[PDB]
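J.: input_35.pdb is the file, holding PDB, C-alpha atoms:
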```pdb
ATOM      1  CA  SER A   1      30.927  -7.037  14.465
ATOM      2  CA  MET A   2      29.170  -8.242  11.314
ATOM      3  CA  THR A   3      25.541  -9.327  11.522
ATOM      4  CA  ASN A   4      24.297 -12.387   9.649
ATOM      5  CA  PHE A   5      21.928 -10.353   7.472
ATOM      6  CA  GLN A   6      24.698  -7.893   6.603
ATOM      7  CA  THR A   7      27.043 -10.738   5.643
ATOM      8  CA  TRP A   8      24.376 -12.164   3.340
ATOM      9  CA  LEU A   9      23.735  -8.700   1.863
ATOM     10  CA  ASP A  10      27.448  -8.191   1.194
ATOM     11  CA  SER A  11      27.378 -11.561  -0.579
ATOM     12  CA  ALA A  12      24.259 -10.733  -2.628
ATOM     13  CA  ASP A  13      23.518  -8.876  -5.866
ATOM     14  CA  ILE A  14      19.824  -7.910  -5.815
ATOM     15  CA  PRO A  15      18.599  -8.580  -2.242
ATOM     16  CA  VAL A  16      14.910  -7.707  -1.947
ATOM     17  CA  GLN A  17      12.201  -8.693   0.511
ATOM     18  CA  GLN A  18       9.264 -10.526  -1.022
ATOM     19  CA  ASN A  19       5.792  -9.442   0.034
ATOM     20  CA  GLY A  20       4.814 -11.378   3.128
ATOM     21  CA  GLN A  21       1.468 -13.093   3.461
ATOM     22  CA  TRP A  22      -1.327 -11.132   5.122
ATOM     23  CA  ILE A  23      -2.734 -13.163   8.021
ATOM     24  CA  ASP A  24      -5.603 -12.754  10.463
ATOM     25  CA  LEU A  25      -3.763 -13.707  13.652
ATOM     26  CA  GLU A  26      -7.073 -14.611  15.312
ATOM     27  CA  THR A  27      -7.749 -17.429  12.829
ATOM     28  CA  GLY A  28      -4.311 -18.047  11.324
ATOM     29  CA  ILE A  29      -5.935 -17.961   7.873
ATOM     30  CA  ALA A  30      -4.123 -15.955   5.211
ATOM     31  CA  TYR A  31      -5.557 -13.379   2.847
ATOM     32  CA  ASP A  32      -6.077 -15.063  -0.528
ATOM     33  CA  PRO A  33      -5.516 -12.706  -3.497
ATOM     34  CA  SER A  34      -6.944 -15.330  -5.876
ATOM     35  CA  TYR A  35     -10.358 -15.133  -4.145
ATOM     36  CA  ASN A  36     -13.026 -12.447  -4.498
ATOM     37  CA  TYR A  37     -14.492 -11.892  -1.034
ATOM     38  CA  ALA A  38     -17.334  -9.533  -2.000
ATOM     39  CA  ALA A  39     -18.863 -11.599  -4.789
ATOM     40  CA  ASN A  40     -17.714 -15.043  -3.562
ATOM     41  CA  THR A  41     -15.904 -16.051  -6.876
ATOM     42  CA  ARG A  42     -12.300 -16.759  -7.956
ATOM     43  CA  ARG A  43     -10.373 -13.564  -8.638
ATOM     44  CA  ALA A  44      -8.421 -12.746 -11.789
ATOM     45  CA  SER A  45      -5.565 -10.247 -11.801
ATOM     46  CA  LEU A  46      -4.654  -7.742 -14.475
ATOM     47  CA  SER A  47      -0.967  -6.942 -14.098
ATOM     48  CA  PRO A  48      -0.591  -3.152 -13.675
ATOM     49  CA  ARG A  49       2.793  -3.067 -15.429
ATOM     50  CA  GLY A  50       1.193  -3.635 -18.839
ATOM     51  CA  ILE A  51      -1.348  -0.810 -18.509
ATOM     52  CA  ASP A  52      -0.675   2.711 -19.749
ATOM     53  CA  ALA A  53      -0.820   5.911 -17.707
ATOM     54  CA  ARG A  54      -4.249   6.869 -19.062
ATOM     55  CA  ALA A  55      -5.974   3.712 -17.822
ATOM     56  CA  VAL A  56      -4.042   2.086 -14.966
ATOM     57  CA  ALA A  57      -5.360   4.025 -11.952
ATOM     58  CA  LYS A  58      -8.974   3.910 -13.125
ATOM     59  CA  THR A  59      -8.582   0.257 -14.130
ATOM     60  CA  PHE A  60      -7.886  -0.442 -10.454
ATOM     61  CA  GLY A  61     -10.760   1.693  -9.150
ATOM     62  CA  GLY A  62      -9.092   5.094  -9.008
ATOM     63  CA  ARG A  63     -10.560   8.486  -9.828
ATOM     64  CA  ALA A  64      -8.906  11.783 -10.691
ATOM     65  CA  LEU A  65      -6.543  13.230  -8.103
ATOM     66  CA  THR A  66      -7.507  16.488  -6.393
ATOM     67  CA  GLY A  67      -5.540  19.732  -6.494
ATOM     68  CA  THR A  68      -4.571  22.433  -8.957
ATOM     69  CA  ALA A  69      -4.295  21.682 -12.674
ATOM     70  CA  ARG A  70      -0.479  21.785 -12.526
ATOM     71  CA  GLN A  71      -0.474  19.469  -9.511
ATOM     72  CA  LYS A  72      -3.062  17.187 -11.100
ATOM     73  CA  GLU A  73      -1.171  16.701 -14.376
ATOM     74  CA  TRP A  74       2.152  16.035 -12.651
ATOM     75  CA  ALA A  75       0.701  13.777  -9.960
ATOM     76  CA  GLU A  76      -1.365  11.704 -12.387
ATOM     77  CA  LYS A  77       1.855  10.933 -14.245
ATOM     78  CA  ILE A  78       3.634  10.132 -10.957
ATOM     79  CA  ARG A  79       0.824   7.909  -9.673
ATOM     80  CA  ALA A  80       0.588   6.025 -12.967
ATOM     81  CA  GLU A  81       4.322   5.314 -12.900
ATOM     82  CA  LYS A  82       4.138   4.118  -9.283
ATOM     83  CA  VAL A  83       1.041   1.939  -9.707
ATOM     84  CA  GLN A  84       2.558   0.291 -12.787
ATOM     85  CA  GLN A  85       5.170  -1.212 -10.426
ATOM     86  CA  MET A  86       2.556  -2.611  -8.011
ATOM     87  CA  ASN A  87       0.580  -5.817  -7.880
ATOM     88  CA  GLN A  88      -3.202  -5.709  -8.199
ATOM     89  CA  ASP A  89      -3.950  -5.477  -4.469
ATOM     90  CA  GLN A  90      -1.355  -2.751  -3.934
ATOM     91  CA  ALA A  91      -2.762  -0.852  -6.923
ATOM     92  CA  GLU A  92      -6.349  -1.139  -5.676
ATOM     93  CA  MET A  93      -5.399   0.050  -2.189
ATOM     94  CA  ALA A  94      -3.292   2.960  -3.463
ATOM     95  CA  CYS A  95      -5.896   4.028  -6.011
ATOM     96  CA  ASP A  96      -8.856   3.862  -3.538
ATOM     97  CA  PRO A  97     -10.901   6.991  -4.364
ATOM     98  CA  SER A  98     -11.851   7.106  -0.666
ATOM     99  CA  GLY A  99      -8.304   6.330   0.493
ATOM    100  CA  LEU A 100      -5.488   8.449   1.871
ATOM    101  CA  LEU A 101      -3.782   9.020  -1.501
ATOM    102  CA  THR A 102      -6.464  10.930  -3.426
ATOM    103  CA  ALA A 103      -4.647  14.297  -3.383
ATOM    104  CA  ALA A 104      -2.021  15.291  -5.936
ATOM    105  CA  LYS A 105       0.073  16.656  -3.055
ATOM    106  CA  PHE A 106       0.915  13.193  -1.719
ATOM    107  CA  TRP A 107       2.159  11.867  -5.050
ATOM    108  CA  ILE A 108       4.164  15.020  -5.769
ATOM    109  CA  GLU A 109       5.843  15.150  -2.359
ATOM    110  CA  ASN A 110       6.546  11.386  -2.258
ATOM    111  CA  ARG A 111       7.421  11.003  -5.948
ATOM    112  CA  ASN A 112      10.853   9.463  -5.252
ATOM    113  CA  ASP A 113       9.653   6.749  -2.864
ATOM    114  CA  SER A 114       9.378   3.209  -4.166
ATOM    115  CA  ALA A 115       5.954   1.966  -5.251
ATOM    116  CA  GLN A 116       6.360  -0.828  -2.691
ATOM    117  CA  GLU A 117       6.838   1.660   0.162
ATOM    118  CA  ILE A 118       3.753   3.689  -0.832
ATOM    119  CA  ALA A 119       1.514   0.638  -1.224
ATOM    120  CA  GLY A 120       2.790  -0.914   2.000
ATOM    121  CA  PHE A 121       2.093   2.347   3.817
ATOM    122  CA  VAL A 122      -1.546   2.504   2.763
ATOM    123  CA  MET A 123      -2.169  -1.221   3.317
ATOM    124  CA  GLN A 124      -0.573  -1.191   6.784
ATOM    125  CA  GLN A 125      -2.640   1.897   7.631
ATOM    126  CA  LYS A 126      -5.902   0.131   6.806
ATOM    127  CA  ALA A 127      -4.788  -3.054   8.589
ATOM    128  CA  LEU A 128      -4.026  -1.011  11.709
ATOM    129  CA  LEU A 129      -7.534   0.440  11.529
ATOM    130  CA  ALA A 130      -8.929  -3.107  11.434
ATOM    131  CA  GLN A 131      -6.804  -4.105  14.440
ATOM    132  CA  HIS A 132      -8.013  -0.996  16.270
ATOM    133  CA  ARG A 133     -11.666  -1.859  15.630
ATOM    134  CA  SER A 134     -11.129  -5.408  16.880
ATOM    135  CA  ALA A 135      -9.227  -4.314  19.998
ATOM    136  CA  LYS A 136     -11.741  -1.586  20.865
ATOM    137  CA  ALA A 137     -14.577  -4.103  20.563
ATOM    138  CA  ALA A 138     -12.880  -6.532  22.984
ATOM    139  CA  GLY A 139     -11.913  -3.987  25.637
ATOM    140  CA  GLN A 140      -8.119  -4.335  25.374
ATOM    141  CA  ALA A 141      -7.332  -0.713  26.200
ATOM    142  CA  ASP A 142      -3.562  -1.321  26.123
ATOM    143  CA  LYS A 143      -3.752  -2.776  22.610
ATOM    144  CA  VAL A 144      -5.880   0.213  21.587
ATOM    145  CA  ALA A 145      -3.285   2.663  22.907
ATOM    146  CA  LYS A 146      -0.422   0.796  21.217
ATOM    147  CA  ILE A 147      -2.229   0.612  17.867
ATOM    148  CA  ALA A 148      -3.168   4.294  18.031
ATOM    149  CA  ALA A 149       0.423   5.304  18.774
ATOM    150  CA  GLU A 150       1.698   3.181  15.880
ATOM    151  CA  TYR A 151      -0.957   4.537  13.504
ATOM    152  CA  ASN A 152      -0.253   8.165  14.391
ATOM    153  CA  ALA A 153       3.504   7.634  14.044
ATOM    154  CA  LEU A 154       3.146   5.913  10.668
ATOM    155  CA  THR A 155       0.808   8.513   9.179
ATOM    156  CA  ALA A 156       2.837  11.431  10.569
ATOM    157  CA  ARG A 157       6.019  10.000   9.043
ATOM    158  CA  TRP A 158       4.312  10.077   5.626
ATOM    159  CA  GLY A 159       3.344  13.736   6.113
ATOM    160  CA  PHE A 160      -0.271  13.511   7.308
TER     161      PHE A 160
END
```
Can the structure from this file be put into structure tokens for me?
T.:
Amino acid sequence: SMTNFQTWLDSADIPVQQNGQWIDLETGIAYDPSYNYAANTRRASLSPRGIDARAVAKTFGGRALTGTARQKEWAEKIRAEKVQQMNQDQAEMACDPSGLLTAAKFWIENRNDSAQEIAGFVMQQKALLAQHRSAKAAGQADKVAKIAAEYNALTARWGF
């Protein structure tokens, strides 16, 4: 009872999933990483993998992590190593000084997870919040309940 995906995997060497496009399902228009939405200009990207541990997180908007000095040293190293494997949008979302990942505890306790998993977690969290705002504005109580259940499950799975 072999599935098609499993057959392909068994045939493959380095099977990975590319990052899917982010789409507003209301308009069908994708998120454009090459476009600055705030300032209405084309957007350049520094690649995080060529930036050292001292500068990478702050280069993408981050501030110091919170916690004890031990925790802070260790987690700054961990976060730098993770963010160096991200693209610019992933890095900006993970490094958000008002985001979910500002404590040293998160980076210490999730230090073996892939950078892709961490970045996808935080980006899906914020996207769910956007969906929740939109559903709550349009009534749609069932959508609100579904989104809230998914959000709580996702954040609880990551230890929040």
J.: Carefully work through the PyMOL selection byres ((chain A and resi 77) around 12) for this structure and note down the residues it includes, as an MDAnalysis selection string.
T.: chainID A and resid 52:57 64:65 70:76 78:84 104 107:108 111
J.: Restricted to C-alpha atoms, what would the selected residues look like written as a CSV table (one decimal), in the frame of the given file?
T.:
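Written output follows (result-v6.csv):
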```
chain,number,residue,atom,x,y,z
A,52,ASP,CA,-0.7,2.7,-19.7
A,53,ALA,CA,-0.8,5.9,-17.7
A,54,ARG,CA,-4.2,6.9,-19.1
A,55,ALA,CA,-6.0,3.7,-17.8
A,56,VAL,CA,-4.0,2.1,-15.0
A,57,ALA,CA,-5.4,4.0,-12.0
A,64,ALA,CA,-8.9,11.8,-10.7
A,65,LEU,CA,-6.5,13.2,-8.1
A,70,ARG,CA,-0.5,21.8,-12.5
A,71,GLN,CA,-0.5,19.5,-9.5
A,72,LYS,CA,-3.1,17.2,-11.1
A,73,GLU,CA,-1.2,16.7,-14.4
A,74,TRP,CA,2.2,16.0,-12.7
A,75,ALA,CA,0.7,13.8,-10.0
A,76,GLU,CA,-1.4,11.7,-12.4
A,78,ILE,CA,3.6,10.1,-11.0
A,79,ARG,CA,0.8,7.9,-9.7
A,80,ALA,CA,0.6,6.0,-13.0
A,81,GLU,CA,4.3,5.3,-12.9
A,82,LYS,CA,4.1,4.1,-9.3
A,83,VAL,CA,1.0,1.9,-9.7
A,84,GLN,CA,2.6,0.3,-12.8
A,104,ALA,CA,-2.0,15.3,-5.9
A,107,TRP,CA,2.2,11.9,-5.0
A,108,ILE,CA,4.2,15.0,-5.8
A,111,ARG,CA,7.4,11.0,-5.9
```
J.: When the PyMOL selection byres ((chain A and resi 18-28) around 10) is applied to the structure above, which residues does it catch, written out as JSON, numbers by chain?
T.: {"A": [15, 16, 17, 29, 30, 31, 32, 33, 116, 120, 127, 131]}
J.: By how many Å are atom CA of residue A:123 and atom CA of residue A:93 apart?
T.: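 Interatomic distance, atom CA of residue A:123 to atom CA of residue A:93: 6.5 Å.
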J.: Could you tell me which residues the PyMOL selection byres ((chain A and resi 45-48) around 9) grabs in this file, written as a list in words?
T.: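 This file, filtered by the PyMOL selection byres ((chain A and resi 45-48) around 9), leaves residues 33, 34, 43, 44, 49, 50, 51, 52, 56, 57, 59, 60, 83, 84, 85, 86, 87, 88, 89 and 91 of chain A.
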J.: I'd like the interatomic distance between atom CA of residue A:128 and atom CA of residue A:147, to a tenth of an Å.
T.: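 That distance, rounded to one decimal, is 6.6 Å.
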J.: Quick one, how far is atom CA of residue A:68 from atom CA of residue A:154?
T.: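 For atom CA of residue A:68 relative to atom CA of residue A:154, the distance reads 26.8 Å.
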J.: Provide stretch 100-114 of chain A rebuilt to N, CA, C and O atoms, formatted as a compact mmCIF listing (two decimals), in the frame of the given file.
T.:
```txt
# COMPACT_ATOMS: atom_id res chain seq x y z
N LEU A 100 -6.33 7.35 1.41
CA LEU A 100 -5.49 8.45 1.87
C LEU A 100 -4.75 9.16 0.74
O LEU A 100 -4.24 10.26 0.96
N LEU A 101 -4.67 8.56 -0.44
CA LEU A 101 -3.78 9.02 -1.50
C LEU A 101 -4.55 9.64 -2.67
O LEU A 101 -4.16 9.50 -3.83
N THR A 102 -5.64 10.34 -2.38
CA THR A 102 -6.46 10.93 -3.43
C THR A 102 -6.03 12.34 -3.81
O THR A 102 -6.55 12.87 -4.80
N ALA A 103 -5.11 12.95 -3.08
CA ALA A 103 -4.65 14.30 -3.38
C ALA A 103 -3.36 14.25 -4.20
O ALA A 103 -2.51 13.38 -3.99
N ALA A 104 -3.23 15.19 -5.14
CA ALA A 104 -2.02 15.29 -5.94
C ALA A 104 -0.80 15.58 -5.07
O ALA A 104 0.32 15.18 -5.41
N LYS A 105 -1.02 16.27 -3.94
CA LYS A 105 0.07 16.66 -3.06
C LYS A 105 0.88 15.45 -2.59
O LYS A 105 2.11 15.49 -2.55
N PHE A 106 0.20 14.36 -2.22
CA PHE A 106 0.92 13.19 -1.72
C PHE A 106 1.85 12.64 -2.78
O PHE A 106 3.02 12.34 -2.50
N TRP A 107 1.35 12.46 -4.00
CA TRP A 107 2.16 11.87 -5.05
C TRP A 107 3.30 12.78 -5.47
O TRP A 107 4.38 12.30 -5.80
N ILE A 108 3.08 14.10 -5.44
CA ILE A 108 4.16 15.02 -5.77
C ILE A 108 5.25 14.97 -4.70
O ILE A 108 6.44 14.84 -5.00
N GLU A 109 4.86 15.06 -3.43
CA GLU A 109 5.84 15.15 -2.36
C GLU A 109 6.53 13.82 -2.06
O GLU A 109 7.60 13.82 -1.45
N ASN A 110 5.95 12.70 -2.49
CA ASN A 110 6.55 11.39 -2.26
C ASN A 110 6.95 10.71 -3.57
O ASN A 110 7.03 9.49 -3.65
N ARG A 111 7.23 11.52 -4.60
CA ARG A 111 7.42 11.00 -5.95
C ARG A 111 8.70 10.19 -6.11
O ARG A 111 8.84 9.50 -7.12
N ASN A 112 9.62 10.24 -5.15
CA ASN A 112 10.85 9.46 -5.25
C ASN A 112 10.81 8.18 -4.44
O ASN A 112 11.73 7.35 -4.58
N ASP A 113 9.79 7.99 -3.61
CA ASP A 113 9.65 6.75 -2.86
C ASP A 113 9.29 5.60 -3.79
O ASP A 113 8.65 5.78 -4.83
N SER A 114 9.72 4.41 -3.42
CA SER A 114 9.38 3.21 -4.17
C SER A 114 7.87 2.97 -4.14
O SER A 114 7.17 3.35 -3.21
```
